[PDB]
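Visitor: Structure: work00.txt, compact mmCIF, C-alpha atoms.
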# COMPACT_ATOMS: atom_id res chain seq x y z
CA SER A 4 -10.79 66.07 -16.89
CA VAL A 5 -8.06 66.87 -14.39
CA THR A 6 -6.67 69.51 -16.75
CA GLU A 7 -10.04 71.28 -16.76
CA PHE A 8 -10.34 74.32 -14.50
CA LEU A 9 -13.10 76.91 -14.42
CA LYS A 10 -11.84 79.73 -16.61
CA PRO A 11 -13.05 83.22 -15.67
CA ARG A 12 -15.20 85.33 -17.95
CA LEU A 13 -13.91 88.91 -17.81
CA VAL A 14 -16.89 90.87 -16.55
CA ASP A 15 -16.20 94.07 -14.61
CA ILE A 16 -14.07 96.83 -16.11
CA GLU A 17 -15.59 99.64 -14.05
CA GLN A 18 -13.33 102.62 -14.80
CA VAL A 19 -14.09 105.23 -12.16
CA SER A 20 -13.01 108.61 -13.54
CA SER A 21 -10.02 108.07 -15.90
CA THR A 22 -7.43 106.18 -13.83
CA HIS A 23 -9.11 104.25 -10.98
CA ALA A 24 -10.42 100.89 -12.19
CA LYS A 25 -12.13 98.07 -10.29
CA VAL A 26 -11.83 94.85 -12.28
CA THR A 27 -13.50 91.65 -11.10
CA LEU A 28 -13.18 88.06 -12.28
CA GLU A 29 -15.26 85.01 -11.40
CA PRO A 30 -15.77 82.11 -10.85
CA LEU A 31 -12.28 80.78 -9.99
CA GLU A 32 -11.52 77.52 -8.24
CA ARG A 33 -10.89 77.33 -4.50
CA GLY A 34 -7.92 79.57 -3.75
CA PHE A 35 -7.00 80.69 -7.26
CA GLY A 36 -8.31 84.13 -6.40
CA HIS A 37 -5.61 84.69 -3.82
CA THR A 38 -2.76 83.28 -5.90
CA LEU A 39 -3.66 85.30 -8.98
CA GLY A 40 -4.23 88.41 -6.90
CA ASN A 41 -0.92 88.19 -5.09
CA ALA A 42 1.01 87.37 -8.25
CA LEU A 43 -0.51 90.34 -10.07
CA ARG A 44 0.04 92.62 -7.08
CA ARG A 45 3.70 91.73 -6.65
CA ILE A 46 4.53 91.88 -10.35
CA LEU A 47 2.70 95.20 -10.80
CA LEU A 48 4.10 96.96 -7.75
CA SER A 49 7.64 95.58 -8.01
CA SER A 50 8.37 95.25 -11.75
CA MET A 51 6.63 97.51 -14.24
CA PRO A 52 8.61 99.25 -17.01
CA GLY A 53 8.29 103.01 -16.89
CA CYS A 54 10.06 106.34 -16.57
CA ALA A 55 10.16 108.69 -13.59
CA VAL A 56 12.23 111.63 -12.41
CA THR A 57 15.33 110.40 -10.57
CA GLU A 58 17.64 113.39 -10.01
CA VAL A 59 16.91 117.09 -9.69
CA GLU A 60 19.24 120.04 -9.15
CA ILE A 61 18.65 123.73 -8.48
CA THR B 6 14.74 96.44 -19.04
CA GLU B 7 14.83 92.86 -20.30
CA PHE B 8 13.28 90.08 -18.22
CA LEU B 9 15.40 86.93 -18.05
CA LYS B 10 13.08 84.00 -18.59
CA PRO B 11 13.50 81.06 -16.19
CA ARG B 12 14.40 77.48 -16.97
CA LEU B 13 14.32 74.18 -15.09
CA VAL B 14 18.06 73.80 -14.68
CA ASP B 15 18.09 70.61 -12.61
CA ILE B 16 15.86 67.93 -11.11
CA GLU B 17 17.82 65.96 -8.51
CA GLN B 18 16.14 62.94 -6.91
CA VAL B 19 17.45 63.20 -3.36
CA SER B 20 15.02 60.47 -2.28
CA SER B 21 12.39 58.19 -3.77
CA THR B 22 9.45 60.20 -2.45
CA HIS B 23 10.62 63.80 -2.10
CA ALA B 24 12.76 65.67 -4.59
CA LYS B 25 13.99 69.15 -5.46
CA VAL B 26 13.98 71.18 -8.67
CA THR B 27 15.89 74.36 -9.46
CA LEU B 28 14.73 77.34 -11.51
CA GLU B 29 17.19 79.76 -13.08
CA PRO B 30 17.52 82.61 -14.10
CA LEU B 31 15.08 84.82 -12.20
CA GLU B 32 15.20 88.56 -11.56
CA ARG B 33 14.55 90.53 -8.40
CA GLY B 34 11.02 90.22 -7.04
CA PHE B 35 10.10 87.45 -9.46
CA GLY B 36 11.68 84.91 -7.13
CA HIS B 37 9.19 85.06 -4.28
CA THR B 38 6.26 85.68 -6.64
CA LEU B 39 6.86 82.52 -8.66
CA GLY B 40 7.85 80.52 -5.59
CA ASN B 41 4.66 81.29 -3.71
CA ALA B 42 2.48 80.92 -6.80
CA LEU B 43 3.98 77.51 -7.55
CA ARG B 44 3.71 76.32 -3.95
CA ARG B 45 0.10 77.40 -3.77
CA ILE B 46 -0.88 75.93 -7.14
CA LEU B 47 1.02 72.67 -6.63
CA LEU B 48 -0.35 71.97 -3.19
CA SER B 49 -3.94 71.87 -4.49
CA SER B 50 -4.34 71.52 -8.26
CA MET B 51 -2.75 68.18 -9.12
CA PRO B 52 -3.95 64.81 -10.41
CA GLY B 53 -3.76 61.68 -8.29
CA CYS B 54 -4.77 58.03 -8.30
CA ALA B 55 -6.16 57.48 -4.81
CA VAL B 56 -8.51 54.57 -4.18
CA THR B 57 -12.22 55.41 -4.16
CA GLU B 58 -14.25 52.20 -3.67
CA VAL B 59 -13.46 48.91 -1.98
CA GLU B 60 -15.45 45.68 -2.21
CA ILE B 61 -14.27 42.95 0.14
CA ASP B 62 -15.77 39.53 -0.47
CA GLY B 63 -16.80 38.40 3.00
CA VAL B 64 -17.56 41.87 4.38
CA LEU B 65 -21.18 42.95 4.50
CA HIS B 66 -20.87 46.55 5.73
CA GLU B 67 -17.95 48.63 6.91
CA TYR B 68 -18.48 48.45 10.65
CA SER B 69 -18.42 44.64 10.71
CA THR B 70 -15.26 42.55 11.05
CA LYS B 71 -13.88 39.60 9.11
CA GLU B 72 -12.04 36.54 10.44
CA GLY B 73 -8.35 35.71 10.44
CA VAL B 74 -7.37 39.38 10.12
CA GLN B 75 -6.56 41.39 13.23
CA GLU B 76 -7.24 44.69 11.49
CA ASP B 77 -10.85 45.81 11.60
CA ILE B 78 -12.45 46.72 8.30
CA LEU B 79 -12.17 50.44 9.07
CA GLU B 80 -8.42 50.11 9.54
CA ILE B 81 -8.28 48.27 6.21
CA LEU B 82 -10.04 51.14 4.46
CA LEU B 83 -7.78 53.63 6.23
CA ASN B 84 -4.67 51.88 4.92
CA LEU B 85 -6.13 51.57 1.42
CA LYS B 86 -6.92 55.29 1.48
CA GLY B 87 -3.26 55.70 2.34
CA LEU B 88 -2.29 53.47 -0.58
CA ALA B 89 -0.43 55.21 -3.40
CA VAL B 90 -0.61 53.99 -6.99
CA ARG B 91 0.66 55.29 -10.34
CA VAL B 92 -1.99 54.91 -13.05
CA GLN B 93 -1.53 56.09 -16.63
CA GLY B 94 -3.86 56.15 -19.59
CA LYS B 95 -7.12 54.55 -18.43
CA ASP B 96 -9.27 56.95 -16.43
CA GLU B 97 -10.42 54.46 -13.79
CA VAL B 98 -9.29 50.89 -13.17
CA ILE B 99 -10.04 47.95 -10.88
CA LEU B 100 -7.39 46.04 -8.94
CA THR B 101 -7.71 42.68 -7.18
CA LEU B 102 -6.10 41.27 -4.04
CA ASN B 103 -6.68 37.70 -2.81
CA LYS B 104 -3.67 37.02 -0.60
CA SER B 105 -4.11 33.96 1.63
CA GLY B 106 -2.03 32.61 4.50
CA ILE B 107 -0.56 34.05 7.67
CA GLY B 108 1.52 37.21 7.55
CA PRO B 109 1.42 40.75 6.20
CA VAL B 110 -0.88 41.68 3.32
CA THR B 111 1.37 44.44 1.96
CA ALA B 112 0.44 46.02 -1.37
CA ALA B 113 3.04 43.92 -3.21
CA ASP B 114 0.70 40.92 -3.41
CA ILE B 115 -2.00 43.05 -5.05
CA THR B 116 -2.96 41.47 -8.35
CA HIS B 117 -0.75 42.62 -11.20
CA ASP B 118 -2.24 44.87 -13.87
CA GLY B 119 -1.13 46.87 -16.91
CA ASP B 120 -0.08 50.53 -16.75
CA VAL B 121 -1.18 50.47 -13.10
CA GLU B 122 1.89 50.33 -10.87
CA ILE B 123 2.08 50.16 -7.08
CA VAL B 124 4.69 52.77 -6.17
CA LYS B 125 5.22 51.62 -2.56
CA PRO B 126 4.59 47.86 -2.22
CA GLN B 127 5.88 47.89 1.36
CA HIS B 128 2.88 49.88 2.62
CA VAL B 129 0.93 47.42 4.75
CA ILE B 130 -2.77 47.10 3.94
CA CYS B 131 -3.83 44.56 6.59
CA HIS B 132 -2.67 41.41 8.38
CA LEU B 133 -3.50 37.70 8.35
CA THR B 134 -3.21 35.45 11.41
CA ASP B 135 -5.26 32.33 10.60
CA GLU B 136 -3.81 29.90 8.07
CA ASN B 137 -7.10 29.14 6.28
CA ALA B 138 -8.16 32.78 6.07
CA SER B 139 -8.16 34.67 2.78
CA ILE B 140 -8.98 38.32 2.12
CA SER B 141 -10.36 38.81 -1.40
CA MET B 142 -11.11 42.35 -2.51
CA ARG B 143 -11.71 44.54 -5.55
CA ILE B 144 -10.28 48.06 -5.28
CA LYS B 145 -11.50 50.72 -7.68
CA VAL B 146 -9.27 53.68 -8.53
CA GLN B 147 -10.01 56.90 -10.40
CA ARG B 148 -8.05 60.13 -10.87
CA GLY B 149 -9.00 63.53 -9.56
CA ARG B 150 -7.94 66.68 -7.77
CA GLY B 151 -8.13 68.08 -4.29
CA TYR B 152 -10.41 66.27 -1.88
CA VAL B 153 -13.76 64.56 -2.47
CA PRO B 154 -15.24 62.73 0.55
CA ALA B 155 -17.65 59.81 0.35
CA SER B 156 -20.83 61.77 1.01
CA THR B 157 -20.36 64.47 -1.62
CA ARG B 158 -19.82 62.02 -4.47
CA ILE B 159 -22.56 59.59 -3.30
CA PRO B 167 -25.26 46.89 -3.88
CA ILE B 168 -24.26 46.81 -0.21
CA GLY B 169 -20.68 45.54 -0.40
CA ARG B 170 -19.72 48.84 -2.05
CA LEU B 171 -17.63 50.39 0.73
CA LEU B 172 -17.05 54.04 -0.17
CA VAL B 173 -13.74 55.47 1.01
CA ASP B 174 -12.95 59.18 1.07
CA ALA B 175 -10.78 60.29 -1.80
CA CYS B 176 -7.39 61.84 -1.17
CA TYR B 177 -6.44 62.72 -4.72
CA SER B 178 -3.17 64.56 -4.32
CA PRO B 179 0.42 63.58 -5.19
CA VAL B 180 2.22 66.30 -3.18
CA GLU B 181 2.25 66.86 0.58
CA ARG B 182 4.87 69.56 1.30
CA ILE B 183 6.14 72.26 -1.07
CA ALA B 184 8.88 74.65 0.05
CA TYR B 185 10.53 77.30 -2.08
CA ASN B 186 13.76 79.15 -1.36
CA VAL B 187 15.37 81.98 -3.32
CA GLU B 188 19.14 82.37 -3.32
CA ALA B 189 21.93 84.08 -5.23
CA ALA B 190 23.24 82.53 -8.44
CA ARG B 191 26.63 82.69 -10.15
CA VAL B 192 28.12 86.02 -11.21
CA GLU B 193 27.22 85.35 -14.87
CA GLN B 194 28.46 88.87 -15.72
CA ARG B 195 25.22 90.05 -14.08
CA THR B 196 24.30 90.02 -10.40
CA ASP B 197 20.79 89.93 -8.91
CA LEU B 198 19.87 86.66 -10.66
CA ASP B 199 17.85 84.46 -8.31
CA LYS B 200 18.03 80.68 -8.18
CA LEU B 201 14.67 79.35 -6.97
CA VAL B 202 14.89 75.90 -5.37
CA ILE B 203 11.51 74.20 -4.98
CA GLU B 204 11.35 70.97 -3.00
CA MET B 205 8.24 68.79 -3.27
CA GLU B 206 7.54 65.87 -0.94
CA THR B 207 5.38 63.60 -3.07
CA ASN B 208 4.14 60.05 -2.52
CA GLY B 209 6.07 58.86 -5.60
CA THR B 210 3.09 58.73 -7.95
CA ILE B 211 4.23 61.90 -9.75
CA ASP B 212 7.75 62.85 -10.78
CA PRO B 213 9.01 66.38 -10.12
CA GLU B 214 9.26 67.47 -13.76
CA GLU B 215 5.72 66.39 -14.63
CA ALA B 216 4.25 68.11 -11.57
CA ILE B 217 6.10 71.39 -12.04
CA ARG B 218 5.21 71.50 -15.72
CA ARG B 219 1.53 70.83 -15.06
CA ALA B 220 1.51 73.59 -12.43
CA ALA B 221 3.14 75.92 -14.93
CA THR B 222 0.53 75.01 -17.55
CA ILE B 223 -2.47 75.57 -15.29
CA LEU B 224 -1.13 78.91 -14.09
CA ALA B 225 -0.35 79.96 -17.67
CA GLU B 226 -3.93 79.17 -18.72
CA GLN B 227 -5.43 81.01 -15.76
CA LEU B 228 -3.31 84.06 -16.48
CA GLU B 229 -3.94 83.97 -20.23
CA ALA B 230 -7.56 84.35 -19.17
CA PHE B 231 -6.32 87.75 -17.91
CA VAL B 232 -4.34 88.82 -20.99
CA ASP B 233 -7.36 90.19 -22.86
CA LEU B 234 -9.86 92.38 -21.01
CA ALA B 235 -12.89 94.40 -22.06
CA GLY C 1045 -49.70 45.13 24.63
CA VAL C 1046 -46.78 44.68 22.21
CA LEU C 1047 -46.50 41.67 19.90
CA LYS C 1048 -42.90 42.31 18.83
CA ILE C 1049 -40.37 45.14 18.61
CA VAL C 1050 -37.50 45.43 16.12
CA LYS C 1051 -34.63 47.75 17.05
CA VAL C 1052 -32.20 48.91 14.37
CA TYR C 1053 -28.78 50.43 15.13
CA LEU C 1054 -27.86 53.20 12.72
CA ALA C 1055 -24.14 53.95 12.50
CA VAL C 1056 -22.88 57.26 11.14
CA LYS C 1057 -19.45 58.78 10.57
CA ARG C 1058 -19.55 62.48 11.32
CA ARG C 1059 -16.67 64.70 10.31
CA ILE C 1060 -15.13 67.78 11.86
CA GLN C 1061 -17.03 70.67 10.29
CA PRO C 1062 -17.42 74.44 10.72
CA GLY C 1063 -19.72 74.43 13.72
CA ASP C 1064 -18.22 71.85 16.07
CA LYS C 1065 -16.60 72.73 19.39
CA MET C 1066 -13.04 71.57 19.82
CA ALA C 1067 -11.21 72.56 22.96
CA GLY C 1068 -7.77 72.26 24.46
CA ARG C 1069 -7.38 70.85 27.96
CA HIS C 1070 -6.90 74.16 29.83
CA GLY C 1071 -10.49 75.27 29.36
CA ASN C 1072 -9.71 77.09 26.10
CA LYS C 1073 -12.89 76.28 24.19
CA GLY C 1074 -13.60 77.26 20.60
CA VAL C 1075 -15.86 76.58 17.63
CA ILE C 1076 -14.17 75.65 14.37
CA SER C 1077 -14.68 78.69 12.20
CA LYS C 1078 -13.44 77.51 8.80
CA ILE C 1079 -11.74 74.57 7.08
CA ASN C 1080 -9.06 76.26 5.01
CA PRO C 1081 -7.26 74.71 2.06
CA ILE C 1082 -3.82 73.36 2.85
CA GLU C 1083 -2.25 76.40 1.20
CA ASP C 1084 -3.90 79.30 3.00
CA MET C 1085 -2.54 78.03 6.29
CA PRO C 1086 0.74 79.59 7.41
CA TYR C 1087 3.73 77.30 6.93
CA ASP C 1088 7.02 77.31 8.80
CA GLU C 1089 10.37 77.73 7.11
CA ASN C 1090 10.87 74.21 5.71
CA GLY C 1091 7.40 73.80 4.20
CA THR C 1092 5.24 72.02 6.76
CA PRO C 1093 1.91 73.85 7.22
Take the structure in the file and give it back as structure tokens.

Guide:
Amino acid sequence: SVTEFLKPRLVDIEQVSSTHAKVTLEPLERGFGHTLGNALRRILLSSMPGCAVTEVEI
Amino acid sequence: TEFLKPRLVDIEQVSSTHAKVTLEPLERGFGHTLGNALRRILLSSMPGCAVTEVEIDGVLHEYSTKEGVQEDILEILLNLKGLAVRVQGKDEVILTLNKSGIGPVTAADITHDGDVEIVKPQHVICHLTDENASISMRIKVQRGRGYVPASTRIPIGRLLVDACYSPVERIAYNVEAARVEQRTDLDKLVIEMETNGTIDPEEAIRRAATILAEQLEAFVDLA
Amino acid sequence: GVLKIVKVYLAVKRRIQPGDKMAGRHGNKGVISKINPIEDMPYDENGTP
């Protein structure tokens, strides 16, 4: 019983144009929204593998 | 490019109630993310064993008062609500207490049971002052999460007492530098939990990890 | 004109809730606007919210 927690059901995947998406999840328990949101925000913004231009010379 | 997975390097019991665990290795940024996520998840989503119902023999309704005990009934329920117990297995369980004679009525003299264990016997429940005065009571206990007052969950000797199901009361996370390890920037995350003794550090941290892992796995696949 | 009257004393246990009116002692009134979880509150350096 204690282990049970309301799992979300992935609902919104609204993909405005080709790159701007507005996902929504619900219903989460009291406060899980903030903790998941902040965790995802920090991990996405801080640590995401990728490649970008570093040095340029003329 | 690799992400060093963390591990629970140590669990030192500085004191009976509060303790500290250490997570290592962690990489830059991950430190504060995990620390805050674990503090937030631990401070709410945990199982407890707080009392829920009390039935005193010679007490009709809560606002009355018994004899031979200086504490009013409301103070008795307050202390019982403050009582901490470690219960395994059985979902809910009944305890008995029929101490008689002058003196403290600390939790130690609560009737013995099986997997139920009173973590802090010293915690006073009430007092006795009259020699031929006995306080006989049945204390129900279930397990739950967060906070569930009397009214929301709602004989006449069934005194409802607000739940306080929570084992932890203060979670603080710090991030610091680790050994050289042939690689700098590895963060040691020290998480101290001040718990009422009902839950050990390892069990609590692992349950928090499990709940967060489930919630996030609900994010892994999307439409 | 009354044969008998029976008076019953209800006793209730209110709880601080999101419409009360706490107030300091220097006239600084206020109505409780929300009962946050323990986490959302801001906590000082060594953990205590």

Visitor: Determine, using all atoms listed in the file, which residues of chain B have any atom at most 6 Å from an atom of chain A, and tabulate each with its shortest atom pair and distance in Å to one decimal place, rows ordered by chain and then rising number, as JSON lines.

Guide:
{"residue": "B:38", "atom": "CA", "partner": "A:42", "partner_atom": "CA", "distance": 5.7}
{"residue": "B:42", "atom": "CA", "partner": "A:38", "partner_atom": "CA", "distance": 5.8}
{"residue": "B:149", "atom": "CA", "partner": "A:5", "partner_atom": "CA", "distance": 5.9}

Visitor: Counting all atoms listed in the file, what are the residues of chain C within 12 Å of chain A, and for each of them which pair of atoms is the nearest and at what distance in Å, to one decimal? Sort the table by chain and rising number, as CSV.

Guide:
residue,atom,partner,partner_atom,distance
C:1079,CA,A:33,CA,11.9
C:1080,CA,A:34,CA,9.4
C:1081,CA,A:34,CA,7.6
C:1082,CA,A:34,CA,9.9
C:1083,CA,A:34,CA,8.2
C:1084,CA,A:34,CA,7.9
C:1085,CA,A:34,CA,11.5

Visitor: Which is closest to chain C among B:210, B:49, B:150, B:218, if we use only C-alpha atoms?

Guide: B:49

Visitor: Dump as CSV the rows for residues of chain C within 12 Å of chain B: closest atom pair and distance in Å with one decimal, all atoms listed in the file counted, ordered by chain and rising residue number.

Guide:
residue,atom,partner,partner_atom,distance
C:1053,CA,B:68,CA,11.4
C:1054,CA,B:68,CA,10.7
C:1055,CA,B:68,CA,8.1
C:1056,CA,B:68,CA,9.9
C:1057,CA,B:156,CA,10.1
C:1058,CA,B:156,CA,10.4
C:1059,CA,B:154,CA,10.1
C:1080,CA,B:49,CA,11.7
C:1081,CA,B:49,CA,7.9
C:1082,CA,B:48,CA,7.1
C:1083,CA,B:45,CA,5.6
C:1084,CA,B:45,CA,8.1
C:1085,CA,B:45,CA,10.4
C:1086,CA,B:45,CA,11.4
C:1087,CA,B:184,CA,9.0
C:1088,CA,B:184,CA,9.3
C:1089,CA,B:184,CA,7.8
C:1090,CA,B:184,CA,6.0
C:1091,CA,B:184,CA,4.5
C:1092,CA,B:182,CA,6.0
C:1093,CA,B:182,CA,7.9

Visitor: Select, from B:124, B:140, B:145, B:119, the residue with the minimum atom-to-atom distance to residue 97 of chain B, counting all atoms listed in the file.

Guide: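 Distance minimum relative to residue 97 of chain B lands on B:145.
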
Visitor: Could you pull the residues within 12 Å of residue 201 of chain B, counting only C-alpha atoms, minus those fewer than 6 positions along the same chain, as an MDAnalysis selection string?

Guide: chainID B and resid 11:15 25:41 43:44 184:190

Visitor: Rounded to one decimal in Å, what is the spacing between atom CA of residue 121 of chain B and atom CA of residue 146 of chain B?

Guide: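 Those two atoms sit 9.8 Å apart.
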
Visitor: Could you state the separation of atom CA of residue 25 of chain A and atom CA of residue 222 of chain B in Å, given to one decimal place?

Guide: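 So the two atoms, atom CA of residue 25 of chain A and atom CA of residue 222 of chain B, lie 27.3 Å apart.
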
Visitor: Would you mind listing what lies within 9 Å of segment 51-63 of chain B as a VMD selection string, with all atoms listed in the file counted and same-chain residues fewer than 6 positions away left out?

Guide: (chain A and resid 5 to 6) or (chain B and resid 71 82 85 to 92 97 140 to 151 155 169 to 180 210 to 211 216 219 to 220)

Visitor: Quick one: everything within 10 Å of residue 1074 of chain C, counting all atoms listed in the file, minus sequence neighbours fewer than 4 positions away in the same chain. Send it as a PyMOL selection string.

Guide: chain C and resi 1063-1068

Visitor: Find the distance between atom CA of residue 108 of chain B and atom CA of residue 74 of chain B and write it in Å to one decimal.

Guide: 9.5 Å

Visitor: Assuming 4 Å of padding per side, give the centre and edge lengths of the axis-aligned box around every listed atom of segment 6-12 of chain A, in Å to one decimal and as AutoDock Vina command-line options.

Guide:
--center_x -10.9 --center_y 77.4 --center_z -16.2 --size_x 16.5 --size_y 23.8 --size_z 11.5

Visitor: If you keep N, CA and C atoms, can you output segment 1046-1059 of chain C as a PDB file, in the first residue's frame?

Guide:
ATOM      1  N   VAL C1046     -42.431  26.729  30.414  1.00  0.00           N
ATOM      2  CA  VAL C1046     -41.496  25.689  30.003  1.00  0.00           C
ATOM      3  C   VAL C1046     -41.480  24.594  31.060  1.00  0.00           C
ATOM      4  N   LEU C1047     -41.696  23.355  30.621  1.00  0.00           N
ATOM      5  CA  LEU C1047     -41.668  22.222  31.536  1.00  0.00           C
ATOM      6  C   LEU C1047     -40.243  21.853  31.924  1.00  0.00           C
ATOM      7  N   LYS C1048     -39.337  21.834  30.952  1.00  0.00           N
ATOM      8  CA  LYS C1048     -37.960  21.423  31.173  1.00  0.00           C
ATOM      9  C   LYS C1048     -37.141  21.826  29.959  1.00  0.00           C
ATOM     10  N   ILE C1049     -35.862  22.104  30.193  1.00  0.00           N
ATOM     11  CA  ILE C1049     -34.924  22.466  29.137  1.00  0.00           C
ATOM     12  C   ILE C1049     -33.651  21.659  29.326  1.00  0.00           C
ATOM     13  N   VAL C1050     -33.150  21.085  28.239  1.00  0.00           N
ATOM     14  CA  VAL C1050     -31.926  20.296  28.253  1.00  0.00           C
ATOM     15  C   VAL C1050     -30.918  21.014  27.371  1.00  0.00           C
ATOM     16  N   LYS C1051     -29.766  21.342  27.944  1.00  0.00           N
ATOM     17  CA  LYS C1051     -28.722  22.093  27.259  1.00  0.00           C
ATOM     18  C   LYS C1051     -27.507  21.203  27.071  1.00  0.00           C
ATOM     19  N   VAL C1052     -27.037  21.103  25.835  1.00  0.00           N
ATOM     20  CA  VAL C1052     -25.972  20.186  25.460  1.00  0.00           C
ATOM     21  C   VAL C1052     -24.787  21.009  24.978  1.00  0.00           C
ATOM     22  N   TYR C1053     -23.594  20.678  25.469  1.00  0.00           N
ATOM     23  CA  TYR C1053     -22.372  21.428  25.180  1.00  0.00           C
ATOM     24  C   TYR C1053     -21.559  20.691  24.126  1.00  0.00           C
ATOM     25  N   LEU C1054     -21.684  21.113  22.876  1.00  0.00           N
ATOM     26  CA  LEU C1054     -20.807  20.595  21.839  1.00  0.00           C
ATOM     27  C   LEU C1054     -19.387  21.083  22.071  1.00  0.00           C
ATOM     28  N   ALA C1055     -18.417  20.236  21.748  1.00  0.00           N
ATOM     29  CA  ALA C1055     -17.008  20.591  21.806  1.00  0.00           C
ATOM     30  C   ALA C1055     -16.355  20.194  20.499  1.00  0.00           C
ATOM     31  N   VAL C1056     -15.669  21.140  19.867  1.00  0.00           N
ATOM     32  CA  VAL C1056     -15.064  20.927  18.563  1.00  0.00           C
ATOM     33  C   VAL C1056     -13.601  21.312  18.643  1.00  0.00           C
ATOM     34  N   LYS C1057     -12.827  20.784  17.706  1.00  0.00           N
ATOM     35  CA  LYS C1057     -11.386  20.995  17.658  1.00  0.00           C
ATOM     36  C   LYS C1057     -11.033  21.526  16.278  1.00  0.00           C
ATOM     37  N   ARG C1058     -11.179  22.834  16.093  1.00  0.00           N
ATOM     38  CA  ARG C1058     -10.812  23.424  14.822  1.00  0.00           C
ATOM     39  C   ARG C1058      -9.319  23.260  14.592  1.00  0.00           C
ATOM     40  N   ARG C1059      -8.907  23.531  13.364  1.00  0.00           N
ATOM     41  CA  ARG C1059      -7.507  23.471  12.995  1.00  0.00           C
ATOM     42  C   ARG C1059      -7.184  24.643  12.092  1.00  0.00           C
TER      43      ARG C1059
END
